[PDB]
Number of protein chains: 2
Amino acid sequence: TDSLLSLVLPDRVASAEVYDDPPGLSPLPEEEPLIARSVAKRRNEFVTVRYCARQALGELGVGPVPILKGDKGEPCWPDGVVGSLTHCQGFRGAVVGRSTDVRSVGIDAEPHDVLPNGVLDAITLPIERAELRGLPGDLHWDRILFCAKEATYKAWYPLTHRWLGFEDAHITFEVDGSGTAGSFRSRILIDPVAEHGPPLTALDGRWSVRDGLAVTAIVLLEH
Amino acid sequence: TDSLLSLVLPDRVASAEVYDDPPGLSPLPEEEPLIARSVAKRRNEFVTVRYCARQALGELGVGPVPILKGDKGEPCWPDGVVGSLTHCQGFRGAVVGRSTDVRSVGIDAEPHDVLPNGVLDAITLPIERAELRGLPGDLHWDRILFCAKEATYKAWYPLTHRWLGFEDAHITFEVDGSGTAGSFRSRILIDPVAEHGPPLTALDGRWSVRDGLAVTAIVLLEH
Ligand SMILES: CC(C)(COP(=O)(O)OP(=O)(O)OC[C@H]1O[C@@H](n2cnc3c(N)ncnc32)[C@H](O)[C@@H]1OP(=O)(O)O)[C@@H](O)C(=O)NCCC(=O)NCCS
Ligand SMILES: CC(C)(COP(=O)(O)OP(=O)(O)OC[C@H]1O[C@@H](n2cnc3c(N)ncnc32)[C@H](O)[C@@H]1OP(=O)(O)O)[C@@H](O)C(=O)NCCC(=O)NCCS
Ligand SMILES: [Mg+2]
Ligand SMILES: [Mg+2]
Ligand SMILES: [Mg+2]
Ligand SMILES: [Mg+2]
Ligand SMILES: [Mg+2]
Ligand SMILES: [Mg+2]
């Protein structure tokens, strides 16, 4: 199934997702040092999300490869591929694309639960707090905003190798007729200069709440 | 030479350091994906610091192995080893120890320069700024405190897998008779629970300013 990510992804990318840890999955041998000292719940999400990533790579025509980690934990894709990984309670998902047409991917999944006390204040600009109070529907807008901030960081970081704080992007939401999905824009408030290619002044994505999960995706195209 | 790190390291660890990038050094094949998309100055520090790490491992009786990156970029050491890496303008250094007697290592090097405008206020508790004004010597105490905070994070993170912010530790310095080296204590202000072993309520290290560099080291022993 591509049920949940199909509601946020445009064309030019492949995806895979699961909602549990299939028993007895293994990392590739090359990946073993990344999780040798990890707690079992970290091991599980690492292994299961890379099973999803190798399925998605296969839909691109790319054979199963180790997916290692680099600067600040960013995934290391095979030559000619960009992508993003996510895992939370009840979700693992991977999205990949060819770097010939896709510049960056960021995705994130969150359980559709209220944020813990104090978290909203720590992740919002004043203006975002005002905006969220005006958004329609029985949704955890705090959590959806959090999910979109996380996807924004994952799409930004591989293009800049610079920190992007919660106060460094203003996220604004649009809501479709369903009331359970729509678009967002992340307007960058700091130096937008990329390592390669045009400045990152804004990143556009989609959000969707379904099956107890918020998902967000940003797919920035190569021009 | 072990010149600069010899002024901050206790027993039970091996180290290696250089002040430039020896030309023609290569990553090991397994490390290539971590720097395949990096800018040249990031490749250089990554490659040279792992040359230092493999020398230091050799001093421990450990053969040359890839040093990959895991959660939040932490280095991935061979079974039975802990350690820390640092690189800045004019310095690469690696410190390793056996996990049977060493629990964690965090090291950091900084150019001995004033911090850029605004950085001191972003990295200090109000009380720290007042204490730094009290410390003696023609030293960049702002930079030395920054260097010690970075070492604190590197020692902390592999034991907790939790964020530690600048405001989450109070560092206090003592100054030796030389006026150019001494001890510091990092008092943890958040939940100190470790994943394994006793709580991290405080981390003790040494600092040394020499040859235009600040170096810090924390070596937490296994009991
Ligand atoms: C990196 C971060 C965003 C991940 O958020 P999260 O909700 O825990 O995300 P998930 O657990 O669903 O996904 C983590 C995956 O993201 C990817 N990722 C991690 N660091 C990354 C980075 N620097 N760049 C790109 N992708 C990264 C990894 O593939 C990771 O999974 P893996 O370790 O199994 O390979 C978060 O830990 C973080 O550091 N936040 C601070 C920065 C931020 O949010 N800024 C706000 C910007 S507006
Ligand atoms: C990780 C951090 C401390 C590195 O500081 P820095 O001055 O850039 O350090 P250096 O470049 O000298 O050393 C980087 C090395 O530290 C190691 N390191 C990176 N992340 C690490 C982590 N989570 N845990 C342990 N070591 C880590 C790596 O080996 C890295 O080198 P490599 O990428 O070539 O392998 C910094 O980037 C950071 O994230 N700071 C915010 C957290 C913090 O400082 N809190 C204050 C605590 S009181
Ligand atoms: Mg699919
Ligand atoms: Mg996570
Ligand atoms: Mg998430
Ligand atoms: Mg030595
Ligand atoms: Mg650095
Ligand atoms: Mg440093």
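This deposited entry lists X-ray crystallography as its structure determination method and 1.65 Å as its resolution.

Participant: Describe in detail the overall build of chain A, supporting the description with residues and values.
Facilitator: A count of helical and extended segments in chain A gives six helices and ten strands. What you see for chain A is a C-alpha radius of gyration of 17 Å, in line with the 17 Å of a compact globule of 223 residues. Along the first, second and third principal axes, the C-alpha atoms of chain A reach 50 × 40 × 35 Å. Counting over 223 residues, chain A shows a buried share of 51%. At a minimum sequence separation of 6, the contacts of chain A that also span at least 24 residues come to 60%. For chain A, the accessible surface area stands at approximately 10,000 Å², while carbon and sulfur atoms represent 53% of it.

Participant: I'd like to hear about the packing of aromatic side chains, residue by residue, with values.
Facilitator: This model, assessed by the stated rule, comprises 16 aromatic pairs over all chains. Here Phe173(B) and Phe184(B) contribute two aromatic rings whose centre-to-centre distance is 6.0 Å and whose plane-to-plane angle is 55 degrees, an arrangement assigned as tilted. Residue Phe173(B) is found in strand β7 (residues 169–173), and its partner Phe184(B) is found in strand β8 (residues 181–188); the two are separated by eleven residues along the sequence. The class for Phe173(B) is buried, based on a relative accessible area of 9%. Owing to a relative accessible area of 2%, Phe184(B) belongs among the buried residues under this scheme. Grouped by ring-pair contacts, the aromatic residues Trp141(A), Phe173(A), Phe184(A) and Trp207(A) constitute a single cluster. Stacked on the ring of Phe46(A), the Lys or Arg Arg50(A) has its end atom at 3.8 Å from the ring centre.

Participant: Could you give an account of the relation of the copies chain A and chain B, naming the residues involved and the relevant values?
Facilitator: What relates the two chain copies is a rotation about an axis together with a slide along it. Under the fitted operation, chain A is carried onto chain B by 0.1 Å of movement along the axis and a turn of 180 degrees, and the coordinates agree to an RMSD of 0.1 Å. Given the turn and translation reported, the copies of this chain are related as if by a two-fold rotation axis.

Participant: Give me the coordination of the magnesium ion (ligand 6): which residues, what numbers.
Facilitator: Residue and element names in this part refer to chain B. Here the magnesium ion (ligand 6) is held by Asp2 (OD), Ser15 (O), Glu59 (OE) and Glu59 (OE), and the distances to it run 2.3 to 2.7 Å. Here the donor residues for the magnesium ion (ligand 6) map to a single chain with the spacing D-x12-S-x43-E. With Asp2 in the segment before α1 (3–6) and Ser15 in strand β1 (residues 13–18), the pair connects residues that are 13 residues apart, well separated along the chain. On the basis of relative accessibility, which here comes to 6%, the residue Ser15 falls in the buried class.

Participant: Tell me about the pairing of strand β4 (residues 81–88) of chain A, and name the residues and values.
Facilitator: Residue and element names in this part refer to chain A. Of all eight residues in β4, seven are buried; the element is thus mostly enclosed. Pairing of β4 with strand β5 (residues 91–98), which is carried by eight bridges, proceeds in the antiparallel orientation. Its bridge partner lying in β5, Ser84 is registered against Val95. Taken together, β4 and the strand that follows it, β5, pair antiparallel across an intervening segment of two residues, in which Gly90 is found at a positive phi of about 85 degrees.

Participant: Explain the site of ligand 1 to me, using residue names and the numbers behind them.
Facilitator: Of all residues adjacent to ligand 1, which total 24 residues, the nearest are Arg50(A), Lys69(A), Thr86(A), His87(A) and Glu150(A). This site is not confined to one chain, since residues near ligand 1 come from chains A and B. Burial of ligand 1 by the protein chains amounts to 88% of its free accessible area of 940 Å². Those elements giving two or more residues to the shell around ligand 1 turn out to be α3 (40–60), β4, β6 (102–111) and α6 (141–160) of chain A. For the shell around ligand 1, the element with the highest residue contribution is α6(A), accounting for five residues. Residues that form the shell around ligand 1 fall into these classes: eight nonpolar, four polar and twelve charged.

Participant: Can you explain the sheet that holds β7(B)? Please cite residues and give values.
Facilitator: All names here are of chain B. As summarised here, the arrangement of the five strands in space is β6-β10-β9-β8-β7, forming an open sheet in which the pairing is antiparallel. With partners counted over all chains shown, the strands left at the sheet margins are β6 (102–111) and β7, one partner each. Across the sheet, the axes of successive neighbouring strands diverge by a mean angle of 20 degrees, strand direction being ignored. Across five bridges, β7 lies against β8 in antiparallel orientation.

Participant: Can you lay out the site of ligand 2 for me, pointing to particular residues and giving the numbers?
Facilitator: The local shell around ligand 2 holds 23 residues, among which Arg50(B), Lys69(B), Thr86(B), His87(B) and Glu150(B) are the closest. At the site occupied by ligand 2, the surrounding residues belong to chains A and B. Side-chain polar atom of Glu110(B) to an oxygen atom of ligand 2: 3.4 Å apart, as the coordinates give it. Protein contact buries 88% of the 950 Å² of open area that ligand 2 shows by itself. Where the shell around ligand 2 is concerned, the elements lending two or more residues are α3 (40–59), β4 (81–88), β6 and α6 (141–160) of chain B. With five residues, the top contributor of residues to the shell around ligand 2 is α6(B). Here the shell around ligand 2 is composed, by residue class, of eight nonpolar, four polar and eleven charged.

Participant: Residue-level account of the interface of chain A and chain B, with values.
Facilitator: Taken residue by residue, the interface counts 20 residues in chain A and 20 residues in chain B. Carbon and sulfur atoms make up 47% of the surface buried where chain A meets chain B, a total of about 1,500 Å² over both sides. Area buried by chain A at its contact with chain B is led by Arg37(A), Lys69(A) and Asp71(A), which between them contribute 34% of it. Counting the contacts that link chain A with chain B gives two salt bridges. Across the pair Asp71(B) and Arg42(A) runs a salt bridge whose closest N-O atoms are separated by 2.8 Å. At the junction of chain A with chain B, the criterion picks out eight residue pairs in polar contact. Mapped onto the side of chain A that touches chain B, the elements with two or more residues apiece are α2 (32–35), β2 (68–69) and β4 of chain A. Residue composition of the side of chain A that touches chain B, grouped by class: nine nonpolar, three polar and eight charged.

The rules behind the values
Residues numbered from 1 in each chain as written, not as in the entry; some residues may be left out. Chains lettered and ligands numbered in written order. Heavy atoms only, no water. Helix = DSSP H or I, 4+ residues; strand = E, 2+ residues; numbered from the N terminus. Rg over C-alpha atoms; globule rule 2.2 N^0.38 Å. Buried < 20%, exposed > 50% of the residue type's maximum accessible area, 1.4 Å probe, protein only. Contact = heavy atoms within 4.5 Å. Areas by Shrake-Rupley, 256 points an atom, 1.4 Å probe, with all protein chains shown as cover. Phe/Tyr/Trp six-rings, centres within 6.5 Å; stacked < 30°, edge-to-face > 60°. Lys NZ or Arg CZ within 6 Å of the ring centre and 35° of its normal. Least-squares fit on C-alpha atoms. Donors = N, O, S within 2.8 Å, 3.2 Å for Na, K, Ca; no water. Pairing = 2+ DSSP bridges. Near = heavy atom within 4 Å. Nonpolar A, V, L, I, M, F, W, Y, C, P; charged D, E, K, R; others polar. Axes fitted to C-alpha atoms, helices over the stretch in contact; angles between N-to-C directions. Polar contact = N/O pair within 3.5 Å; in protein donor to acceptor, adjacent residues only side chain to side chain. Buried area = accessible area lost by both parts, 1.4 Å probe. Salt bridge = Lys/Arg side-chain N within 4 Å of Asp/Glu carboxyl O.

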